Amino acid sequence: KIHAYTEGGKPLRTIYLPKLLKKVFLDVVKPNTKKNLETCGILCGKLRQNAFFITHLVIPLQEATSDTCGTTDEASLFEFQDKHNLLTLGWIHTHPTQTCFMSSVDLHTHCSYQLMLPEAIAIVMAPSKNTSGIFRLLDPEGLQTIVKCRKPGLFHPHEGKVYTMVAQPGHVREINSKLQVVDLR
């Protein structure tokens, strides 16, 4: 029914995303959001019949400010994913006060996930605007720009189009599937 392709013509496998995940994530991290702290989660799942299913939203040990969030114990995160045979398929985070977009930090982070899995997606929630988006970098052009980027500064801008929303319809399909939230904090 759907064949999705990157900007460079590479086929993208489907990722099935539970339609409940965005709302559940906001519910789980709401105390952080109210304190004006960002929070991140990992989108974990499985490959079955050439399609990815997100099955687990994993909230890793992390630290945050009003403008940043980040994992602090990736070794424990690995151990959990390894034991349960869960693939990293993407990530999600909040912008407690900002608009919905991919920041400089988001782009440099996501670039690595997308290099390791062409289908990787970044979900950005902006609860104060009641907006959200699912993003990825342009492949190969956006990935190349970020890989080569040596511009200093945690919040530096980029020239050119580097990223895009996933298409509707495209390789990400929201469906009525079960979801498990794993809070490792």
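We number the residues from 1 along the sequence you see.
Two stretches are in play, 166-174 and 10-18, and the higher mean C-alpha B-factor belongs to 166-174. Annotation for 100-108 versus 75-83: the higher mean temperature factor (C-alpha) is found in 75-83.
Per the deposited record, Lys35 carries the highest C-alpha B-factor of all listed residues (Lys35, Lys46, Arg136, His56). Comparing the C-alpha B-factors of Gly160, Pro152, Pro118, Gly70 in the entry, the top value falls on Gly160. Split the chain's modelled residues into thirds by C-alpha temperature factor. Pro60 is in the lowest one. The PDB entry assigns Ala51 a C-alpha temperature factor belonging to the highest third of its chain's modelled residues. The entry lists a Cα temperature factor for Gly142 that places it in the middle third of the chain's modelled residues.
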